[PDB]
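For this one, two forms of the same chain are given in structure tokens, first as structure 1 and then as structure 2.
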Structure 1
């Protein structure tokens, strides 16, 4: 089936009709058998089916760098004084006096017990967990049925937040049928609520891409259940994401000359604007919005950058005007680059960190809003992220034009694809139509690069790219 050849639904409504089967929770918590333990301060303590539940989550992560983490322990003591009784929490004054050891041989033996299940016992219940995929896994829509990406609801556990996240090790409780909000049309066969329980609400909102959604008890953010990346609704948005990058190509020349001029400006917020835009163009940086200090980890993007984050050198490693970026981005991954800049920029940068304490911001009169509000005036649909998608793709066009040998053989061209793929992260940002434009200009089978799963997401690109598709 092809959706790119059919008529496109304009801005507003995201689906004409929708009827989904509903979600799937974690099969009601299975209790601990008689033989398992819990040794406390010399003696032994007993556990309630609520505290016994939370117990199994710390068992599932004993020899992890998380247990030897101070903040993680601090939050497990707090969130645990809630998940038990008053008599149980009466004696307990230190976690250091606990032993999860008997549950640790158990958890480990339980992992190896599936490695003991036969070439028939591994299909007895393994076919049953696939009976779900057929029932609750697909959902009807406008044309045909689309596959749902994550029908199985987030099972309760702990928070595996990155780096030095202040809310790691908190009770991420079990989602009950009453926290759920179902979304589908008011002329459809609505999902029957699990025996005895109600839903939170039901909305017939056709302006959204989601089917089901609940709220996270930890941070207060809403988590959704959407479709498979194969879908019209999940694909047309990525098609549009690349189409947005296409409409940029010509207007780029003007943007660079535009901000390059804004360097020798007369005002604060204006001179500030341009510098940032230079980094997001060159460095391939992210924006970094207003973060909640005390809610999340201390990461920084471009707008959220601080004084302490940049070190500036006039002459370094034979190069003039160098800026040394030292910070932790998304997923707490440290970004380090000794990047050489232009004269005017270095000079502009100097002027910011001019009587300022290290703990304060770098970009005084500037945030993401002012950045994106500017970018919108310049073009329709243009946002800070578009640069990461533009730069990364236009490279591949110029790379996939010279690195391929004409009178070459088999892999002497695929050795050039990975060479261009090395020229920087793979999965996103790159336009599949450039990769497919090259596969017909020269003639390389798609099954060799992209597997069955990947040939599912780029399905639109396969059927709409020829031997001369220039970006």
Structure 2
């Protein structure tokens, strides 16, 4: 039965407390390892051998990745092998001395032949598995938190595999290791039925911590960090925190000018420490850069943010581009994605970066005397709850709002307005540096979308031919009588006019999303109310922008704030 809870109209919980009641059926473990059949052989130095279950499982993972470029890299093969030997018996360790003499060319083909027979199942054996995954979602994918049933995001644990990560990770190849129930920590209420552990096992511990959001927790062997199973974005716990993110971003708008004037005068300060902080805060505001946390050497790939930049990442140019005082940025950020931008800065910012790069080696930190802790404690003394991450949400949302007013033409149709919406949502991705939407299939599919626009251009032309025939026959065979034909064929041209201005609009839309990714900005940086306030203003239906799960996530926006909403 259709209910629909409006958690936004309820009262908030006092400091710390996230809930009072919590019950779940625990996580879902990856199905146990099924050993390779008799005809699938593994060869070492040409000779045949059958590996034990723990060592064969680690071999399968490598065999499945074998098509890739990374399996030829030295760090990958060093790491993989250290973790492979660990999972071997004493007999195998003595025979298998190197990865190079190991032949996986028969295991890499079985998993490619097992994929063919997986995508070519019968209608009864495919609908049997579709009902097996559906009963899991029904029994494990939901939980009860405070009088209401909310959906879980990651209810299943990730199966073991080989670590890869992004970029030139120093730990690529290491075994991700299987998570057993003895590594799992269950969080729930005292008065709630504690989930029964999978037969033959026991949990690590059951705790009742109402100060936290998570239902299940464990530790990953790669980094050593703690992984969690929290609720999907449609919930109160996640949605309330999402609303408070944009509310803190609204309170920044009201103090942004005072903050901009204070750091502009701070470039002229007597302390070198206060200069760096202001120049850092300038790049966080102008270029929308990440704070830049300090990460341990060898634990993750060499990536930087703002406070972590080095003298090798910036190149100063007094001339270049026709413009003066240009700072050429060239570095790798989060997820190892290249940030390259030649941007003109102000008089005092340039002569400051020259003082920061002075008599320093290329691997030294540009912003010494500065880390993320100093910058954030400074911002907290400027406004309550302010952090460098807010400047990203602010510069995103205020840009969406003003670009929605600048790019929307009132006299246009609804499909043409979505093109104007996507142009505004493009400007936010050309700020936060979000890139690439499948450019490999986008070469053939675009040229085959163009041949379907020309196929409807002929129908409009054949309609304009039939209306010109009616305008010429309304004269020789009189009006009123035989003029009703000029009426119905004038509405046929109109039905075909906006049908073409839909197809040609979806073409310009797809061609402009080449090296742009609308996703991360659409779901994490932009205030949904700005969009709902635009949809209710121009009569553009909400489903023609947000899909089911986005509408489900942003239900707090669709109900609250009308057309008169200003960020």
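Positions refer to the first chain, counted from 1. Under this definition, the rigid core comprises the largest set of C-alpha atoms superposing within 1.5 Å between the forms.
Once the core is superposed between structures 1 and 2, every option in 378, 149, 312, 92 stays below 2 Å in C-alpha shift except 92. Once both forms are fitted on their core, a CA shift of 2 Å or more is seen for residue 407 between structures 1 and 2.
Taking the core as the reference frame, the CA atom of residue 69 shifts 2.0 angstrom between structures 1 and 2. Core superposition places the Cα of residue 280 0.2 Å apart between structures 1 and 2. After superposition on the rigid core, the Cα atom of residue 396 is displaced by 1.8 Å between structures 1 and 2.
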